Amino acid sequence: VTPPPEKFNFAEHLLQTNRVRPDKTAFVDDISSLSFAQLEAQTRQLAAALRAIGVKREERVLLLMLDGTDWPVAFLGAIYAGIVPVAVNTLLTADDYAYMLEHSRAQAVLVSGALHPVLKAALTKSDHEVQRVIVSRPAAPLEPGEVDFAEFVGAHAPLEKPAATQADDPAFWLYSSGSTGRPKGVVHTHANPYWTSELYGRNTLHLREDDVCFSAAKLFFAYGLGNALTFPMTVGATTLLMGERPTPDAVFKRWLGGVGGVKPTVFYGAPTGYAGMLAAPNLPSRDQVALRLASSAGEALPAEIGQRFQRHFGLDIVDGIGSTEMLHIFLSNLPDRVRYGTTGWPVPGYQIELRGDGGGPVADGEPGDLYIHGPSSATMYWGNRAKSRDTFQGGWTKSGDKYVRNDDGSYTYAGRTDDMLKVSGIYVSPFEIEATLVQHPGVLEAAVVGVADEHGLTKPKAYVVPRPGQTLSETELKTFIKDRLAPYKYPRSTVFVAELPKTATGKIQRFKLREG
């Protein structure tokens, strides 16, 4: 793979690539579609629009949008202007967004109408610097000074040239959280999505022009940003986007060609989703679908799920691991070489190391902490030098995962070095869930651990000491957690216990709860 030139704008790169196919569909959703040409036009008008409201080069904008055709216009339009979009999870709280606004010093917000209520709450509460709110598909009347996305784009002539950025200039941010503390602003360069799209999208998956890509993983996820934007645009594939929550039925509807008169050839999702599909009574048969490739990430794929999908479809699931910090997958199975119970082999272009207690290599068959050296690594966490030091060092990125290398050179997942649970593509902090539970007046103490369910998929499990003198039923606690947490954080079950095991410091011995 040839390195990008030092003068490089990733958006211009993707536009240029597709000038050969102006009339092919680039993106399609339930209500709209853009050809590559229409996408280019709208991308450049949005870039002009942002500039005309005074957003400058290197300044951030918040991109808080459901998957839809306006998403890649917002993302690429900012990048084409040399403005840095901060692409965020659409399921967070107003407080989360308030923090992001302050931390990013976002100068404008591009927001889906459905998300305007949360965003409004975030604006009201924070010391932000937002100059304009641009609403895609408004769902309530616009407030004074807000503008409709279609009008904002339609009101401005296309910018004539992209910003003259360098390959190693910041291009976009994603946010990633740890087990405590605020989300960290992961800063990616213009070169980074070129490398992931070439080393993984093209050279590993062998995506091609005639493909139709459909990712259950949304565009704000690093995994989904590659799957359903950078990868397909790099090869001229057509991409299907879906605003709604993925469920088996919504996925199957699309697999069967229920939207945009296209049937996906490449599907991407989490092991949890693949399990949920395989359990669905109306799972389609292989003759009804056009799938040629099925990708998975977001948690380790249990072997039985891959094996059952292959028995039903005659297609393997291709499991690989990436991270927000590395932008996309660096260790993967291949479309023609799958070893279930493993995450496969290093992706060419990326170097992997497993390190023991002192930094040194570990013998084969033994677990070590996983570190990655590749050209798509983020540069830093913005404004957090201490965490940057811990994660990015001398070209190596520390993943927080442990792995074992097998005799055939494959890698098998061995757990985490920090307590986070990966529940279907979203990291969930047990400590968050614990701090929520103890705010119920009937709960004295709470400990949350991950437990593998009947399909081998990790879900949170809560152990709760109730407060003597109150009543607290499992149902009231369910109602309370329904009211306080996103469903992606719910414990799969809660057990009431009389006490928890602790050190004399009062540290809860969570390892004993993963035992019995």
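Take the two forms, superpose them, and find the largest set of C-alpha atoms that agree within 1.5 Å; that set is the rigid core. Numbering starts at 1 and follows the sequence shown.
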* To do: With the rigid core held as the alignment frame, decide whether 424-432 or 152-160 lies farther from the shown form in 5 other deposited structures of this protein, in terms of RMS C-alpha distance.
  => 424-432
* Structure fact -> After superposing on the rigid core, the stretch whose C-alphas lie farther from this form in 5 other deposited structures of this protein, comparing 393-401 with 272-280, is 393-401
* **Which of 370-378 and 153-161 has higher mean CA B factor, as the PDB entry lists it** => 153-161
* Asked: For the C-alpha atoms alone, is the average B factor greater in 16-24 or in 489-497, going by the entry?
  -> 489-497
* Per the PDB entry, maximal CA B factor within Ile426, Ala446, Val235, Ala87 -> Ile426
* Structure fact -> Listed options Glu209, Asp95, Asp407, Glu299: highest C-alpha B factor recorded at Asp407
* Structure fact -> Tertile call for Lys56 (CA temperature factor, within chain, third-based) is the highest
* Taking the chain's C-alpha temperature factors as the reference, tell me which third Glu198 falls into: lowest, middle or highest. => lowest
* **Third of chain Cα B-factors occupied by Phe36** => lowest
* Would the CA B-factor of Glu102 place it in the lowest, middle or highest third of its chain? -> lowest
* Structure fact -> Tertile call for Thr69 (CA temperature factor, within chain, third-based) is the lowest
